[PDB]
Amino acid sequence: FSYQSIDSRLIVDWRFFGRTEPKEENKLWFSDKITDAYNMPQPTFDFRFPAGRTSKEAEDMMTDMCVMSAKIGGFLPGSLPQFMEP
Amino acid sequence: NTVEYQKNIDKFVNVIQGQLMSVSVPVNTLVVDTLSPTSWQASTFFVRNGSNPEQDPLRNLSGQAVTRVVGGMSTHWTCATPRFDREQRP
Amino acid sequence: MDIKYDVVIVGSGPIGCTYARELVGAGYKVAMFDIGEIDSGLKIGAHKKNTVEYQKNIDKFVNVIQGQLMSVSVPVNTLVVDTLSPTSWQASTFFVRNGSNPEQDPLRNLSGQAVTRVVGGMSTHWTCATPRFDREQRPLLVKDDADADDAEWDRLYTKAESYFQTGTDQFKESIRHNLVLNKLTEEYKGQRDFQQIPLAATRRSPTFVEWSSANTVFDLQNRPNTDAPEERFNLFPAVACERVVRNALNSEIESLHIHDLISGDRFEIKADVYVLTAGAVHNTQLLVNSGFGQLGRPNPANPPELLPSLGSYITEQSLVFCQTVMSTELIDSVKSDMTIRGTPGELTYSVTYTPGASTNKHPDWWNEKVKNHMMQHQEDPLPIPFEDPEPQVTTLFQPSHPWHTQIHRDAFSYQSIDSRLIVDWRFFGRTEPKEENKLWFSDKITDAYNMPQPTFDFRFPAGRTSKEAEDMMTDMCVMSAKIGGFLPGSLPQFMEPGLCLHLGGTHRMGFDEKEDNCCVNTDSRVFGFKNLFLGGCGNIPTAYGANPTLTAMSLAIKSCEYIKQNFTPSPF
Amino acid sequence: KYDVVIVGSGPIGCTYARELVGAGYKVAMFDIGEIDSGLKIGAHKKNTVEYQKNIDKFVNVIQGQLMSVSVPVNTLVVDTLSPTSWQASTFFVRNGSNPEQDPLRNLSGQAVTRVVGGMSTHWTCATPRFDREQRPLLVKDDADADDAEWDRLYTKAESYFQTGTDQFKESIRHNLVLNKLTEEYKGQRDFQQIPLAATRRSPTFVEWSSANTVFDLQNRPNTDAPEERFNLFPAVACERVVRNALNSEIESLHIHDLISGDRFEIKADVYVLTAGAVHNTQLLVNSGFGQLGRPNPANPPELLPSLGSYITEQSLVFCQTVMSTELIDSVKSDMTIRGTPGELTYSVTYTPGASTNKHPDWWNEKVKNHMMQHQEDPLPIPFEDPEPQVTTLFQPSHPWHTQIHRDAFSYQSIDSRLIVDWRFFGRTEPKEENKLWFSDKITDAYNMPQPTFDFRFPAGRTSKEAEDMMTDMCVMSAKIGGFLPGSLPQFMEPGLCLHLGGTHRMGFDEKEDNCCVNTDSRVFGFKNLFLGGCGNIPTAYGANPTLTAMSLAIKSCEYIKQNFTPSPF
Ligand SMILES: *Cc1cc2c(cc1C)Nc1c([nH]c(=O)[nH]c1=O)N2C[C@H](O)[C@H](O)[C@H](O)COP(=O)(O)OP(=O)(O)OC[C@H]1O[C@@H](n2cnc3c(N)ncnc32)[C@H](O)[C@@H]1O
Ligand SMILES: *Cc1cc2c(cc1C)Nc1c([nH]c(=O)[nH]c1=O)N2C[C@H](O)[C@H](O)[C@H](O)COP(=O)(O)OP(=O)(O)OC[C@H]1O[C@@H](n2cnc3c(N)ncnc32)[C@H](O)[C@@H]1O
Ligand SMILES: *Cc1cc2c(cc1C)Nc1c([nH]c(=O)[nH]c1=O)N2C[C@H](O)[C@H](O)[C@H](O)COP(=O)(O)OP(=O)(O)OC[C@H]1O[C@@H](n2cnc3c(N)ncnc32)[C@H](O)[C@@H]1O
Ligand SMILES: OC[C@H]1O[C@@H](O)[C@H](F)[C@@H](O)[C@H]1O
Ligand SMILES: OC[C@H]1O[C@@H](O)[C@H](F)[C@@H](O)[C@H]1O
Ligand SMILES: OC[C@H]1O[C@@H](O)[C@H](F)[C@@H](O)[C@H]1O
């Protein structure tokens, strides 16, 4: 699950995954009016990563991937360090 | 687990993408102002193309998707199966 | 800086310079103000393309243009950026950011519209195309006498062409230009006629063209000077003109309020005559900021009392665009008269032609250029010389094809294929004036110069404008195919509304303020006011497809005749 | 006939003119480009009201006057042409490309500016001093005397450029970034304002310095300088300096007037080349110094064998960040806020002069007023707050220069107040195999030998440090906020930093130091030929080199004043 000129033998993927504090306000709810392709109540999210520890860890995580990955090689242009879509 | 995918692993990304159906897509507000003057042109950002008008685009999990096939997501997953240490585990 | 002048001009674009040329020449004590600054070099207001370096590197001038096109009205951005780090500050709403205009409906905008604040205005970067309008595109200057109307326009356009040094033969020695011109002529035989774009430009050498500008019109030097010892002219750059002060009677302007942007001070300036030539957008802003028309979101419940048509009936052209890659048949035809022996790079390789042979398809000069290129550059696979000037071709607007056309190479692009093969196609539509198409100004939001923020409420009219626009696209597709296929990455497309920068009708001309729904008369005098004149493309009230500047200059010359006949120059 | 001819009207040529016109010499200067900054000749193009109100547009002006040095033949495959279009059979030389250039050993980002004032008409104006580790020796074996020499020259160079470190002190964004970084490094690194060649005129306008600041480029004699002699000749391509048979003296400058097309042979007592690191080397090689053509070690050059060798260009890493929620909240830490913005009950207050406030009154007054007058806006930073201009200078333990700032040369939906640029610049070891050379067959747009690079960042310390530098940017930036999507941490194209050095390098001894000019910037063997610019710098440096170049130029002018007499007026 990628997200062609450099030889593939040289390429390494780095994925670092954070932990998220459970918070009552982070919700999955379902429309009483809008329906999905199967005529079921449409799923809706109301989500943000919690401030405090989740957010501080997430950024520390990014830094750590940057620090660690450098021991193996530089970044591949077009695959630079990034948060992926939530 | 086909001979062909394992000789052409760069193409399996497409199998995954073909079976990840987005959970909640907000109403699209991209401005397309280079339509020809004869084409039908929207006056508002109305609910189009399966979008969910209930969804705040700024409070979403836009990447969340589901897989409807026998075997579910295990028909395409990366197969990583670590244990949780006490700190992560109920 | 004095307090009192005979004439004050707002803006140093080519239309402002038309007034300066005519009135400074007739002995008036003239002051001119520009909100922008002198940057073009020692020739004040000159074309920025007129350097040796830009003409050896023409691909880089696009950046000069882009650096001085400031968008008119940018809507509030609603792009979703959901990959910020969790620690970054993250918006809860699409709030007003980065200079955007919350009054602007993104779906009823002229997003491509932009302005240029520098001495010489847009003429410091323009493409210099200056066609005449035919009767179908042009406002009447004489009623009920078509021949007299045609005679008056011909007199005015002749003088405007002289001012701009308009010509139609600067590109006559280009191989590319003639290859494309001749092919189109042949393809439409007895249906349409093709010619060189009329261009405000003077060739200086086979590789350098002196493109015209405001500075060609009037050189913008302060006078008196050694070469004009009885003339009086002062240019004042970095001066924001903010208001013309009306009397209570709305019969006369009493002063011009200016903001010196270097010192920060504000001053009143007095003149006998006031000329506003700040562009289509900024003339209208200045007038609205001064009590003309209506400030704020339009309200038919409360029509304005002064100049009710100001900012209404605005027109902007539809523009279609593509690039092509010259056909193999055309490239082969360039070298049709050559005899070729051997293979390039070999000691006996030979490319020859017979000068004067009655069976040649090309003149001797053409064949000499080809033969020399092919012999001096045997590594190169094209018969076209490296220095060959670009094509500059048009078929002008006609009733059976009611759009202007440019078949050319524009510095304002929108690298692997050889440049000699590439031709630009731009076709420009005419837009019906409609009361509902408006330029208005916020009563709350202000621009970078703390002036009421311009807002558009615009769509291309249904009916004829829209049908023509699409027919126009089809025509560019049909025509361009005679020359070559489309260039990948420059496929046929409508460009962003307003990118063509041909906005008209924002302070439009007519015979009668009420019956013609207009703001100025045929002398460009604002109805009701004795000493206030507007110049520029905002004056044009018709649906036009051709480039408007020459038309606007022609109306300015007519305005100057009224001024010279009704106001007396002070004694020196 | 002139006392002194200078080639190039950049800031380094202007340093020679300032020193030498002032000392009474009859000076001519030539530039291949034209006057195009307005009536202040060679001034910064950013010093218009309109650019400083629309700063996002100035990147275009920069791009418009960066002409690539060496572009390799294009091999992109376009296979979706119509069947009727002329379609190439090979990847032939198209569109100004250089066939001599290996695309994989280039400095593709390298570019030159042909305008009067040169690159100083658009530059960023960062003028740091080099510390001893980055800096060439002017005195050997006496560090104190070396330090005193440099301190003197750099002080004079700062005066010419009007360098200051205070122009941004009233920016909230600047202070927010600086204070956080100094807190986080617990004394291990010092943060300060980038030294900038600029004078603030108002809270919303800075007069950026340029060549014009150094020397106004007006012909003399004039009313202001009735006893001085200076003539500027723009649109004049300088092509060769003519050597006597002894290779001890230059006898003439051959020029090409681009407007008339004519060629002339100009005589001077003293010849100064200040045409840039690329174009100084081009002119010298077109004159019989060094070696013309592809390097050929079997036929070593007779004159200046080190010319075009030991070239250095810096590694550059870049990203942008979006300010952290914690920092933005800290802006308003002294405020008492009640109610909801937009409603009648809403209020923002602070106590003036309270000793427990984190910020001074100016800051709190700005933030209070912004918050009460613009209740539709969700940020506590005023609209017109100036940009950050922060650096921690190169040190043995972090051997790179840093800029934490807002550059006009970027590389929309997020509020600009939140955005900060990061540029970290590495030092590059001089190696004899890193070369700028000139084709013996291919010519450029001025009919001069086409420049060609043969460059790779040296393995060993340069490469280790480049990667350590990238990590350091990633670690430091994270203290301020996360990366801005679309401006992720990356290496920029080689040479886009435009810090090229060592192409005509300085040393004490031509042979032992593998160099071309002495510490007076005089070409070895030649009595009356001097070079100025970043080409003279022989060391591995990471800071912006112009100030150091200017300092060497002042020293060169001193030599000239000690050794040549001006003609009587
Ligand atoms: C897509 C994917 C998934 C994962 C990885 C990579 C990518 C690209 N890699 C990965 C994963 N997990 C790991 O632990 N290690 C990794 O390396 N991925 C996630 C993993 O694949 C899932 O966590 C796991 O399948 C979940 O198993 P499940 O709880 O059994 O759920 P599924 O989604 O697999 O199957 C659900 C199932 O039910 C069906 N369905 C849905 N709605 C209905 C209704 N109303 N009626 C009847 N049936 C229903 C679906 O069709 C489906 O098959
Ligand atoms: C940018 C451009 C423009 C055109 C072409 C190409 C492109 C990329 N090509 C072209 C054009 N027109 C043609 O007929 N043929 C073509 O090939 N272009 C448009 C042309 O350039 C304009 O139509 C013409 O300049 C308009 O002349 P103008 O009426 O004199 O207006 P300008 O915008 O040139 O100058 C206005 C002037 O006033 C100043 N200003 C604005 N506001 C104020 C205030 N409040 N105070 C004082 N001064 C003000 C501006 O700074 C400016 O210089
Ligand atoms: C473009 C750029 C440059 C700099 C920064 C940012 C950007 C986008 N920022 C910057 C720089 N330097 C710093 O120390 N701090 C910063 O924050 N930039 C580099 C700086 O701008 C240059 O180092 C400096 O100008 C070099 O000065 P110079 O040695 O005087 O050289 P120039 O390139 O400025 O001027 C040379 C001059 O000579 C002309 N020329 C070239 N060839 C000829 C020939 N054959 N005959 C005649 N004249 C010639 C050029 O036209 C030019 O004007
Ligand atoms: O997009 C602005 C346009 O203005 C028109 O005047 C020119 F003719 C076009 O070629 C183009 O430059
Ligand atoms: O005046 C308000 C406060 O400002 C802060 O910035 C100072 F550090 C305090 O000492 C105090 O002066
Ligand atoms: O890429 C050119 C660079 O020049 C450097 O000197 C500046 F410091 C950078 O900000 C950048 O503009």
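Quick note on labels: first sequence line is chain A, next is B, and so on, each numbered from 1. What you see below is based on every heavy atom in this structure, not just the backbone, and it leaves out hydrogens, waters and symmetry mates.
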Asker: Supply the atom-to-atom distance D:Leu327 CG to C:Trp89 CH2, rounded to the nearest 0.5 angstrom.
Answerer: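 Taking CG in D:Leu327 and CH2 in C:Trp89, the distance rounds to 13.5 Å.
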Asker: With only heavy atoms counted, which part of C:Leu421 is less than 4.5 Å from chain D, the side chain, the backbone, both or neither?
Answerer: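 For C:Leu421, the contact with chain D is made by the side chain alone.
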Asker: Test D:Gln412 against C:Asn77 for side chain to side chain contact (heavy atoms under 4.5 Å, CB included), laying out the working first.
Answerer: CA-CA 8 Å; D:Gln412 302 264 33; C:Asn77 189 297; 4.2 Å; yes
Asker: Without swapping roles, check the side chain of C:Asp418 against the backbone of D:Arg94 for a donor-acceptor pair under 3.5 Å.
Answerer: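 No: the side chain of C:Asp418 does not pair with the backbone of D:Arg94.
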Asker: With chain C, which of D:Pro378, D:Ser37, D:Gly481, D:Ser89 has the greatest number of heavy-atom pairs at distances under 4.5 Å?
Answerer: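 Highest number of pairs under 4.5 Å: D:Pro378.
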Asker: Whether the side chain of C:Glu37 engages the backbone of D:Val49 through a donor-acceptor N/O pair (distance < 3.5 Å, no angle test) should be reported.
Answerer: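 Yes, C:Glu37 side chain to D:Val49 backbone: donor-acceptor pair under 3.5 Å.
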Asker: Checking D:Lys57 side chain against C:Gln68 main chain: does a donor-acceptor pair fall under 3.5 Å?
Answerer: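 Between the backbone of C:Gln68 and the side chain of D:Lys57 there is no qualifying donor-acceptor contact (under 3.5 Å).
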Asker: Examine whether an atom of C:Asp380 lies under 4.5 Å from a heavy atom of chain D, and if so say whether it belongs to the side chain, the backbone or both; otherwise answer neither.
Answerer: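 C:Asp380 touches chain D through side-chain heavy atoms alone.
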Asker: Heavy-atom distance under 4.5 Å to chain C: side chain of D:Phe92, backbone, both or neither?
Answerer: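 Just the side chain, heavy atoms under 4.5 Å.
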Asker: Working to the nearest 0.5 angstrom, can you tell me the gap between C:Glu329 CD and D:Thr84 OG1?
Answerer: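 That separation rounds to 8.0 Å.
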Asker: If I measure from the heavy atoms of chain D, does C:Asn50 come under 4.5 Å with its side chain, its backbone, both, or neither?
Answerer: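 Backbone only.
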Asker: Got a sec: does the NZ of C:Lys43 have more than 12 other heavy atoms crowding it under 6.0 Å?
Answerer: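 At most 12 heavy atoms, drawn from other residues, nucleotides or ligands, come within 6.0 Å of this atom.
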Asker: For residues 485-492 of chain C, give me every residue with a non-hydrogen atom less than 4.5 Å from any non-hydrogen atom of chain D.
Answerer: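 Interface residues of residues 485-492 of chain C: C:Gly485, C:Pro488.
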Asker: Take C:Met70 and D:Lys53 through the test side chain to side chain contact (heavy atoms under 4.5 Å, CB included) and record every step on the way to the result.
Answerer: CA-CA 10 Å; C:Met70 275 56 167; D:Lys53 281 177 185 290; over 6 Å; no
Asker: I'd like to know which of C:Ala46, C:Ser416, C:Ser327, C:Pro86 tops the heavy-atom pair count under 4.5 Å against chain D.
Answerer: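 Between C:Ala46, C:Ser416, C:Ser327, C:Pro86, the count favours C:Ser416.
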Asker: Would you mind checking which part of D:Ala445 comes under 4.5 Å of any heavy atom in chain C, side chain (CB onward), backbone (N, CA, C, O), both or neither?
Answerer: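 The answer is both parts of D:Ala445.
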Asker: So, taking the atom named CG in C:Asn63 and the one named CD1 in D:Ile62, what distance separates them when rounded to the nearest 0.5 Å?
Answerer: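 It comes to 10.5 Å.
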Asker: Among C:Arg204, C:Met326, C:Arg420, who wins on heavy-atom pairs under 4.5 Å with chain D?
Answerer: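 With the most close heavy-atom pairs to chain D, the winner is C:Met326.
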Asker: Just checking D:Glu384: does its CD atom have more than 12 heavy atoms from other residues, nucleotides or ligands closer to it than 6.0 angstrom?
Answerer: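 Counting neighbours around CD of D:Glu384, 12 or fewer heavy atoms of other residues, nucleotides or ligands fall under 6.0 Å, so no.
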Asker: State the OG1-CG distance between C:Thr324 and D:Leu81, to the nearest 0.5 angstrom.
Answerer: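 Reported to 0.5 Å precision, the distance equals 11.0 Å.
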Asker: Applying side chain to side chain contact (heavy atoms under 4.5 Å, CB included) to D:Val322 and C:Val81, what does each step give before you reach the verdict?
Answerer: CA-CA 12 Å; D:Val322 178; C:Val81 172; over 6 Å; no
Asker: Checking D:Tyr51 against chain C: side chain, backbone, both or neither under 4.5 Å from a heavy atom?
Answerer: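 The answer is the side chain of D:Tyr51.
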Asker: In terms of heavy-atom proximity below 4.5 Å to chain C, should D:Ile414 be classed as side chain, backbone, both, or neither?
Answerer: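 Both parts, backbone and side chain.
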Asker: Mind ranking D:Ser85, D:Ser82, D:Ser416, D:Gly38 by heavy-atom pairs under 4.5 Å with chain C and telling me who comes out on top?
Answerer: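 Between D:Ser85, D:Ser82, D:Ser416, D:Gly38, the count favours D:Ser85.
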Asker: Could you tell me which of D:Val61, D:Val59, D:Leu76, D:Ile328 has the largest number of non-hydrogen atom pairs under 4.5 Å with chain C?
Answerer: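 If we count pairs closer than 4.5 Å to chain C, D:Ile328 comes out on top.
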